[PDB]
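Protein chains in written order, with the entry's author numbering: chain L, 2 to 124; chain X, 1 to 151; chain H, 2 to 130; chain Y, 17 to 268. Here a beta-carbon is modelled for each residue, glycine too, at the ideal position from N, C-alpha and C.
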Amino acid sequence: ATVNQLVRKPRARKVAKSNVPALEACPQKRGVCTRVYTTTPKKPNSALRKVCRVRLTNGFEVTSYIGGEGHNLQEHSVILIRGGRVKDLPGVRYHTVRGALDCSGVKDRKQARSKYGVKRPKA
Amino acid sequence: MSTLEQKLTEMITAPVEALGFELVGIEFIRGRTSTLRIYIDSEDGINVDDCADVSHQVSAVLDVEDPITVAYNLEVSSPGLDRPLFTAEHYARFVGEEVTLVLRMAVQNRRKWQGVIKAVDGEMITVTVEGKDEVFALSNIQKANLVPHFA
Amino acid sequence: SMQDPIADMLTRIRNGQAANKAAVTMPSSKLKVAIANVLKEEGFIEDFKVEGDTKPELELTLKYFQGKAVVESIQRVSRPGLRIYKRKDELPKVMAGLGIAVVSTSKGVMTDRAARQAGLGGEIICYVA
Amino acid sequence: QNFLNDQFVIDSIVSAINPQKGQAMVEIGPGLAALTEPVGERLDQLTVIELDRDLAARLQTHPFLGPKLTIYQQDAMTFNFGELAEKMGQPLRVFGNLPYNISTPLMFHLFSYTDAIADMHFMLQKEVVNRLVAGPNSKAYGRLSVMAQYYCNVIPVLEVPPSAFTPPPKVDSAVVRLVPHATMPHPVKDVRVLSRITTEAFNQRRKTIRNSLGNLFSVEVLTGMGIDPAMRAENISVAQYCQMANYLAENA
RNA sequence: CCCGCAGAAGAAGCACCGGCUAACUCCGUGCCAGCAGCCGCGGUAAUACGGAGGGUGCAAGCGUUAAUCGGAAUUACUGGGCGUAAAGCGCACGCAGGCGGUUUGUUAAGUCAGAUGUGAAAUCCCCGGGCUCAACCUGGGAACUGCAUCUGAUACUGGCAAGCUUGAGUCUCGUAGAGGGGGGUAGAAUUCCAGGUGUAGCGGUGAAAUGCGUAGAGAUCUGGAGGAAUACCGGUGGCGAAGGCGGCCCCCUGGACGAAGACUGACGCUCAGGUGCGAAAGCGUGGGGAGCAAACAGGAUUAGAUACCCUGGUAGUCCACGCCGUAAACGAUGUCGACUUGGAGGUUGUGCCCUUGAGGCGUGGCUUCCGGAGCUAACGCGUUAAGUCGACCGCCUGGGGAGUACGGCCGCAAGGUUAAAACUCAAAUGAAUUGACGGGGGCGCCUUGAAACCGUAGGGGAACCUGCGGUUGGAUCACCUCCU
RNA sequence: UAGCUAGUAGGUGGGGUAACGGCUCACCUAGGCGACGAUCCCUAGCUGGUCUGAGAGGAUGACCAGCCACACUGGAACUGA
Ligand SMILES: [Mg+2]
Ligand SMILES: [Mg+2]
Ligand SMILES: [Mg+2]
Ligand SMILES: [Mg+2]
Ligand SMILES: [Mg+2]
Ligand SMILES: [Mg+2]
Ligand SMILES: [Mg+2]
Ligand SMILES: [Mg+2]
Ligand SMILES: [Mg+2]
Ligand SMILES: [Mg+2]
Ligand SMILES: [Mg+2]
Ligand SMILES: [Mg+2]
């Protein structure tokens, strides 16, 4: 509408949140697994999802996804988390990091292994 | 909240005890999904992997004879760093320890509580609620949690 | 109410052009006469004239080249809601210099082509092509 | 018409009822076997009314249930619960689920037996339950909730989503329990005076009570009772309503 | 930094390979579970899972996360929208603010031109130089959009002065009209009362029942009462800002349009706050209460029936005086001004011709339906724009959460008003196309006997039921693959 | 977040500073400020610049250079240019 309205009130460009706010723009954060559990997604859905309630150093507690194979991971253990969305799951916007401070690499895996926290085979 | 809680317990007990793990808690929630939550512990330990095992087993062995399957999904869990707890024997392991409780009785001198377990009766939890002490029946409670001190 | 006698003549030019009219006419005003003169001087019209003492009328004879209107675009940048001024160099190019802008300078109205080589910025009326 | 479908909330209701011997328990509207079985199970023996004689045959012929209950086949609004309270040795626990047009009648018949009933435990639709427990100063308040809260203390038990029912309605519904007062906290000279005071008031709820109860009492009576006649009918607690009822009855 | 010596000798990884997106096949795998940025991948081959070979990309790095800008015109200064997708205040008046016809003089504030001072260096950019090159360093220029001051310029804008009549507005004469306010009054009508004649029924429904009548009802005659509303005209019709306005007469009173001059002399438009008008419902105070009728009450119906049916019936409906301040208060379309093909009507002035009376040439105003151009997502709109444009105001920025919270304000109370966010979702939505439709309907063929809401008030087994009055936006729903 | 303010706003006179000045003090006047957003509350050192962007914009102020403020916290004041 009118330029006179625009000088009476300028263009209100909108703000948006961090969609992964419990990082406070840290590239990663540390926490402890306040509980750990595994879920079927649905009545016919067989693909178990592995998930943790984890409290961060900043006192937030949040859900995070456990990617790939099993671990030692059990409630007194400590975890590094980073941004990442499990698209099918509700609100799961944090991935745990493979090969982090209390976290094993996927020993078996021969492909993409720098994602999975695992060193070059020793050949 | 559960279906046929004893039947469910035994159908779950079969893979739990085949794995040599132990049950702790069974609870169901009704909402956007309707979903069943199993607390298992084993004092050597429960990993994510142990949950993964027993969950894939119950995801078969319950489903094939489900008394109900509405909106269904489930999870199996370690009982948290603040732990849900359900029986006289549970509170009895934890006499002297801080707790929170919510009750089927819902009346002033509020039956929503923060407590330290004073002693256990065969029918009741006796508890240092609000730095006072009082006692609540295992039947007049409905959910409780232990060491809420840990965030 | 009426608040832009220049946009009125320009929209009369457009609407008359689109209506295929051989000429269109307006209550004359000194500025409109000067405008009509510069756009005749760039050949966008056949002719203009004024007729009658006291109340005046300015008639514009619309140009059609083979099968079509000569002017295809005419628009006025100095809204009475916000005026527009440009320096001698900041005088814009219309259709990359194919077209014309009209500049009221402190030495009169003229094309931007005249005004830039004359070294005068000024107020900008409109663009045409 | 509706009856429940999902074991989680069936089990929640029957467990929240806490149905055991040492209680004069009677079902009304046993309906689908799934929700009458756990209560007929936990009580060593149980009384029941079904309104339908065909369903009463289905359940009386069911060997889980016919051997484990005593069964009646009639409109419960005919039924002499005051004699059943004598036959059951102590005042009754009356409970269940129904098509519930009859609901409004159920409450009055239960209240005709406030002596003979120890408590009532029933499912009902969300709006009527929230009305039944409504606080005096709310739009949810009104004459039927006044009479209910007069007769009994009233307590929501739990609330149930519509997909929980066998024919699932559009409408969420809750089980509620209520307790005929062991002595009436509001003593009243008569209940018909309450019933007519409340209907006159709520038939006129938008205007001042001077233009509702002041159509019968004077403003000087009302202010003499300590009541501002410039209030609306939905500002008024059951306490001053029973005070008005006593005033009507004793000054007549 | 140069020089000597020996030897390929001491020195390559990391992503990804279904598409977007360069790069593919075998193998297993079983929806085991893995895979994931998104779209999505999978059971029997999976180019998407895991492994292998093969490939692509980038390289002493390569990937992941986070964060800002981009893309995003996705706040739209440049560079967006508001009939139906989100959006035009229910309406009007009006202060501040913005904007403003036309002619001449004057001014020179804006504006323009030029100058002068200043705009730290570094950085940026250009042109060079120097490190073996590069990064890096560095000379010189350009740049520093600006600010101040001086000097001119005078079109335009602004100021000042003078006018002007085209906008605005006054006057004189008519015209049409449910415009408003106030006061009388009429013929129907219903109910009721009082008789009169009269007698077994009436009443009601699908049928019943409740209801009324032997104290005479019902019916029908007369006489009286009282409250309410104006059959017909009446219309695709008039008036009104909108809400709205309809028997008739009077009284007061508003606006409009035409006629023909005359007169003022730009007096104008728009309008944040502000002010006032504002259906239906409801409230306030005091009347009235015929008919109707939420609530209520009672009889029926139904598996149930709270509905739908009936017999009753209060509030209300009416009036005076306060309030509320909302409506699908919708042309879902802000106000004002200019322009831009036609055509058929309606209504209401007016001029000229009338041969009169009809006619027939004109010519305003209002208004209805078609439709050209153009516009529009499409539907459609279309000189009464949704076309072409000028001035100002209002409003929108994904869907829910939610016009909801909270606070403020306002209200007698209802509520009104202003108005979030967390949280949650990958949509939500408008129009339109093709099948279903389907129940059909007609004659295998063409093709349809097939209520939603708004505001508000009250009931309350439901979604719901009821009363008042407004709007029309009067309904469906949707599965097995592909390259030049 | 709508009203704000009594050395407050202005004046005279005394005192005060290196210097002008409610700087301060006596009196005297009743001002002064604000919807061209004062007052109030949250958040922030500022700037040359930096990043992004075709540009307009948006983001931002680490490093380096200029300015500012602070030096355990809160108070003062000595000395000296
Ligand atoms: Mg390709
Ligand atoms: Mg848009
Ligand atoms: Mg819309
Ligand atoms: Mg409007
Ligand atoms: Mg002017
Ligand atoms: Mg001038
Ligand atoms: Mg009234
Ligand atoms: Mg009314
Ligand atoms: Mg509100
Ligand atoms: Mg209307
Ligand atoms: Mg002095
Ligand atoms: Mg851009």
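task = Pull up the distance between the alpha-carbon of X/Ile26 and that of Y/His137, whole angstroms please.
result = 27 Å
task = Use the C-beta contact count for Y/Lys37: other C-beta atoms within 10 angstroms, 16 or more gives buried, fewer gives exposed.
result = exposed
query = For X/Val99, which residues in chain L fall below 7 Å Cβ to Cβ?
reply = The premise fails here: X/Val99 is roughly 17 Å from chain L at the closest Cβ pair, so nothing lies under 7 Å.
ask   = Is X/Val24 helix, strand or coil by DSSP?
value = strand
key: With 16 other Cβ atoms within 10 Å as the buried cut-off, status of H/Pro81   = Classified as exposed, H/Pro81 has fewer than 16 neighbouring CB atoms from the shown chains inside 10 Å of its CB.
ask   = Is DSSP giving L/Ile67 helix, strand or coil here?
value = coil
Where Y/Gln23 meets chain X, residues with beta-carbon distance less than 7 Å = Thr3, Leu4, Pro67 and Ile68
task = Closer than 9 Å by beta-carbon distance: list the chain L residues that pair up with X/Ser59, in chain order.
result = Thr41, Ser47 and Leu49
inquiry  = Please report the distance separating the alpha-carbon of L/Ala48 from that of X/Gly115.
reply    = 40 Å
task = Go ahead and pull the three-state DSSP assignment for X/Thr9.
result = helix
ask   = In chain L, which residues lie with their C-beta within 8 Å of the C-beta of X/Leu23?
value = Those do not exist, as X/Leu23 stays about 14 Å from chain L at its closest Cβ, beyond 8 Å.
Exposure label - H/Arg88; buried when at least 16 CB within 10 Å = exposed
query = When the cut-off is 8 Å and only beta carbons count, does X/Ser139 lie next to chain L?
reply = no
inquiry  = In the DSSP assignment, the alpha helix (DSSP H) including Y/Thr52 goes from what residue to what residue?
reply    = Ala49 to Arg58
ask   = For Y/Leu232, does the count of other Cβ atoms within 10 angstroms reach 16, so buried, or fall short, so exposed?
value = exposed
inquiry  = Classify Y/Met260: buried if its beta carbon has 16 or more other beta carbons within 10 angstroms, exposed otherwise.
reply    = buried
inquiry  = Any beta carbon from chain Y within less than 8 Å of X/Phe150's own beta carbon?
reply    = no
key: Own chain partners of Y/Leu85 with C-beta closer than 6 Å, once the 5 adjacent residues on each side are dropped   = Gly56, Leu62 and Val64
query = Can you find a C-beta in chain Y that's less than 8 Å from the C-beta of X/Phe28?
reply = By this cut-off, X/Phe28 is an interface position.
query = Could you give the uninterrupted runs of the beta strand (DSSP E) lying entirely in the stretch 142 to 202 of chain Y, keeping only those of 3 residues or more?
reply = 168 to 176 and 189 to 196
ask   = Looking at the C-beta of X/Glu75, does it have a partner C-beta in chain L at a distance below 8 Å?
value = yes
ask   = So is L/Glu25 buried or exposed if we call it buried at 16+ other beta carbons inside 10 Å?
value = exposed
key: L/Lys88 at chain X interface by Cβ criterion, 8 Å   = no
query = Beta-carbon of Y/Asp135 versus every beta-carbon of chain X: anything under 8 Å?
reply = no
Own chain, CB closer than 7 Å to Y/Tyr129, minus 5 neighbours either side, in chain order = Same-chain partners within the cutoff: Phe97 and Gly98.
task = Please go through the same chain and pick out, in chain order, the residues whose beta-carbon is closer than 6 Å to the beta-carbon of X/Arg104, but skip the five residues on each side of it.
result = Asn140 and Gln142
query = Among Y/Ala255, Y/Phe124 and Y/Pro121, which residue has its Cα nearest to the Cα of Y/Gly151?
reply = When only C-alpha atoms are compared, the closest one is Y/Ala255.
ask   = Which full runs of the alpha helix (DSSP H) of 4+ residues lie inside the stretch 205 to 263 of chain Y, going along the chain?
value = 207 to 218 and 235 to 240, all fully within the stretch 205 to 263 of chain Y.
request  = If I'm right that L/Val79 touches L/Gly100 with Cβ under 8 Å, what's the distance once you round it to whole angstroms?
outcome  = Wrong, their Cβ atoms sit about 14 Å apart, outside the cutoff.
key: Alpha-carbon to alpha-carbon, Y/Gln76 and X/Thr87   = If you take the alpha carbons of X/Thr87 and Y/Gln76, they lie about 37 Å apart.
request  = Can you grab the Cα-Cα spacing for the pair Y/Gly82 / Y/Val170, in whole Å?
outcome  = If you take the alpha carbons of Y/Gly82 and Y/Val170, they lie about 32 Å apart.
ask   = Does DSSP classify X/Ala71 as helix, strand or coil?
value = Residue state, collapsed to three classes: coil.
task = Quick one: give me the first and last residue of the alpha helix (DSSP H) that X/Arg93 is part of.
result = Residues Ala88 to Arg93.
query = Hey, would you say X/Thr35 sits closer than 8 Å to X/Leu23, going by beta carbons?
reply = no
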